[PDB]
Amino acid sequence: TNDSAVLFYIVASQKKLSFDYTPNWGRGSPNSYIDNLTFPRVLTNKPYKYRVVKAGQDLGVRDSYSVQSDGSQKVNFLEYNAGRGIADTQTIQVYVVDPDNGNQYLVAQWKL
């Protein structure tokens, strides 16, 4: 199906845009835990937050780590999971949360 109309709506309204939500999953100690997730280049037109779902459990929406100098942004699952990383046998879903209307969009999923 041809969705180029949607892409050129974004081109027309933003003109110059670069993003990279390729998930970079950071492991903890021991290595079987997933401690965090980094996106190399997030969108910055709003102060987006992130919601984390662990094995079907909503861990909530927390304060974002500041966007780093390279444009990356990191989500630290220890802030969502009571100070512990997430066992890599569990599904992890990460949603961006629009601060203006509260919408949320799946941007990463860990599932071994």
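Residues carry their position along the shown sequence, with the first being 1.
Checked against the record, the higher mean CA B factor of 100 to 108 and 84 to 92 lies with 84 to 92.
Here the stretch with the larger average CA B-factor, out of 43 to 51 and 28 to 36, is 28 to 36.
When the modelled residues of the chain are ordered by C-alpha B-factor, residue 22 sits in the middle third.
The entry lists a Cα temperature factor for residue 73 that places it in the lowest third of the chain's modelled residues.
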